[PDB]
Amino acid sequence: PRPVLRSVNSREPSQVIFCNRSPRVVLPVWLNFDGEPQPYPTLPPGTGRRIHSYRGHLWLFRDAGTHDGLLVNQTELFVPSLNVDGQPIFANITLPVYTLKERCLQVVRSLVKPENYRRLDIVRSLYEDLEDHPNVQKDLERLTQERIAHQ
């Protein structure tokens, strides 16, 4: 019973360059062969880095401190393919266009400790929004669901 989202063990090397084109510290996350996310060394903003990965491995990318979602070549997941004529493959990591609400939640979260969320004078519903922190595990479940609907 293997997850839909997982790397395949191709053993076929693929040279990749993670390029952080965001203002965040990026955490690369590798989905292992059982679909479990594994962290890899982070990238400061504006820096890039050579990676030895493999064909059909799966990667996603997050803000290292907050796990806010990031995009890679404009999508959620990145899969190395075989290198054509020595040329490495680029993973260009960017900010998505967050909604104004989610962006405000990021800023409030960065300024307020969770024990104090409910000591802010805002509508009651926003407490649960603030508490609904980004989470890799919930993202994978949502992406799996979305993919199955395409079938």
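Don't overthink the numbering: it's just position in the shown sequence, from 1.
A.B. asks: Highest mean C-alpha temperature factor of the two stretches 60-68 and 115-123, which is it?
C.D. replies: Comparing 115-123 with 60-68, the higher average CA B-factor belongs to 115-123.
A.B. asks: According to the deposited model, is the average Cα temperature factor higher in 95-103 or in 80-88?
C.D. replies: Per the deposited B-factors, the answer is 80-88.
A.B. asks: Could you say whether, by C-alpha temperature factor, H133 belongs to the lowest, middle or highest third of its chain?
C.D. replies: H133: CA B-factor falls in the middle third of its chain.
A.B. asks: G46's Cα B-factor: lowest, middle or highest third of the chain?
C.D. replies: For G46, whose C-alpha B-factor we compare with every modelled residue in the chain, the answer is the highest third.
A.B. asks: Where does the C-alpha B-factor of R11 rank in its chain, lowest, middle or highest third?
C.D. replies: Highest third - that is where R11 ends up once the chain's C-alpha B-factors are sorted.
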